[PDB]
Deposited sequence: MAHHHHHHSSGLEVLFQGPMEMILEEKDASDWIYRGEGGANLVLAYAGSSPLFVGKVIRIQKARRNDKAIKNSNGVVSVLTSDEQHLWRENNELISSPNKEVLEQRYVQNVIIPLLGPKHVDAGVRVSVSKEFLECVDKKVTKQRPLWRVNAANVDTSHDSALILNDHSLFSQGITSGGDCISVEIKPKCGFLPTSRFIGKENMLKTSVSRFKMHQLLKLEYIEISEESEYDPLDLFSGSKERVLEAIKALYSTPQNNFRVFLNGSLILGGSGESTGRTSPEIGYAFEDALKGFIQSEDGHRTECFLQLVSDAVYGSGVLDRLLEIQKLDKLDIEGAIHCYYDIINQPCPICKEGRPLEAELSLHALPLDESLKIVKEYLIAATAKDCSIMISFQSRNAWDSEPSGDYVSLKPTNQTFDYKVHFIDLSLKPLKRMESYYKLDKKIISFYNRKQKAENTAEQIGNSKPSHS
């Protein structure tokens, strides 16, 4: 019998920085994979929030997690609107808003760990050279936070077997709006997907090398032909929607950003990297892997549950924005003759519309990670091997209420540019 220390919350300090290595990042978070051997952390990633190089302050000048409007918008959950920091808040947003709608089979609020400012600084220093320049220009780790999130590394299975092939799909929005509030001049928004139209604008700003062949309407069609077609397009033009890891190591896609089209060189390189994982011929392992990914995604039904959250955007930003201006008690700058009748709604109805809009916005920007190891399972019809797979949602971030205004401007920019390109053509 031996005396053990009492329970104490874990704190990653400056020393521990050498144990984490760059895995990736999106617009809001940096993700590091644990390299050490502590059981606490093997098979985990650490997700560290970035700061855009304007704080939120309460009426006392104190720095705050939610504005008054946000704390009212999300008031239905007491713990949520009481969160002392952005890691708590995101953790409770997932547990108490997303998990009820999505279910917990493929969703994990994660676990908080304490971090010292020096840990955050050394981490930021350590990885800078592996981040994309433009990501570095836009944001670094927010060293003023005292927590981070520990998640499972969906790029491994470990707890058996050997090689693990994992895939990330960022599916974006898989339906077309039908709102009464889309004017006639914008009606192409009802026949052409936001993702398609945004492609054109992305090209104008040199944010992508080429238009994607991917169509979310195929991926969310519930038709296995279209799902596979979508997987094939994602393979051809990954951009920032498709990644593939071998034992946690990028073998297709971009590191923290979009990548350009798959060239025969990049395809040959990939075809080889599947050697031994996909028992198959020589120029055929890719064809089988794409089939594997299509069958796993389709068989899991995760896309259908996700699509129903994305459809909580019932009125489109062009209707939702009017409820926003009522929510924040500002005269509506959109109305200048308009369907307006939104503005006659009771407060709680305007609140529910915007709240549901932001939840939908979470569902439009989340990712899906599918993990594979040779033998839930999928069996290939040609090769006849069985593969174990797990599916996991990542990146269910709560969206800031003030971004409604940014949502509406971007939408205005997108349909307006897309209309012009239809005209001049």
Open item on the list: If I number the deposited sequence starting at 1, which residue ranges have no C-alpha coordinates at all?
Closed with: 1 to 12, 66 to 67, 174 to 176, 354 to 358, 398 to 406, 457 to 470
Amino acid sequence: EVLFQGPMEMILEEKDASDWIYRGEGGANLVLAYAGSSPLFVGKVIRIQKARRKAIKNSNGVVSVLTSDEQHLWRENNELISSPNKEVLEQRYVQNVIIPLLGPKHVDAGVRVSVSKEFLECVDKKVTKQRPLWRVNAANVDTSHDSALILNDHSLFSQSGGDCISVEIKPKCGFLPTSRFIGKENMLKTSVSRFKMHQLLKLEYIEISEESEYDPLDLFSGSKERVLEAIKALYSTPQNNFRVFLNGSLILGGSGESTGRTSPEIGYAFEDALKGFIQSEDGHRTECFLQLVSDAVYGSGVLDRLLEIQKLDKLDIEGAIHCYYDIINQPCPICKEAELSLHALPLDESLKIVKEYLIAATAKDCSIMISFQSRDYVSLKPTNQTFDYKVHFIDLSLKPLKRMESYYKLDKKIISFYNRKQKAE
From here on, numbers count along this sequence of modelled residues.
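Between two forms, the rigid core is defined as the largest C-alpha subset superposing within 1.5 Å.
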Open item on the list: Superpose by the rigid core and compare 340 to 348 with 128 to 136; which one moves more, by C-alpha RMS, in 4 other deposited structures of this protein?
Closed with: 340 to 348
Task: Comparing 137 to 145 and 164 to 172 where Cα RMS over structures and residues is taken in 4 other deposited structures of this protein (core fit), larger one - done: 137 to 145
TODO: May I ask whether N329 is missing from the deposited models in at least a third of the other compared entries?
DONE: no
Task: Gap at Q159 across at least one third of the other PDB entries - done: yes
Task: Comparing 300 to 308 with 69 to 77, the one whose average Cα B-factor in the PDB entry is higher - done: 300 to 308
Task: 264 to 272 versus 83 to 91 - which carries the larger mean C-alpha B factor in the record - done: 264 to 272
Task: Top residue by Cα temperature factor, when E257, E337, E229, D146 are compared in the entry - done: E337
Open item on the list: Given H343, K184, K314, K189, identify the residue with the highest C-alpha B factor in the PDB entry.
Closed with: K184
Open item on the list: Using the temperature factors of the C-alpha atoms in this entry, rank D326 within its chain: lowest, middle or highest third.
Closed with: lowest
TODO: Going by the recorded CA B-factors, say which third of the chain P100 sits in, lowest, middle or highest.
DONE: middle
- [ ] Quick one: classify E405 as lowest, middle or highest third of the chain based on its Cα B-factor.
- [x] middle
Task: Cα B factor band for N60 (lowest, middle or highest third within the chain) - done: highest
Open item on the list: When the deposited Cα B-factors of this chain's modelled residues are ordered and cut into thirds, is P382 in the lowest, the middle or the highest one?
Closed with: highest
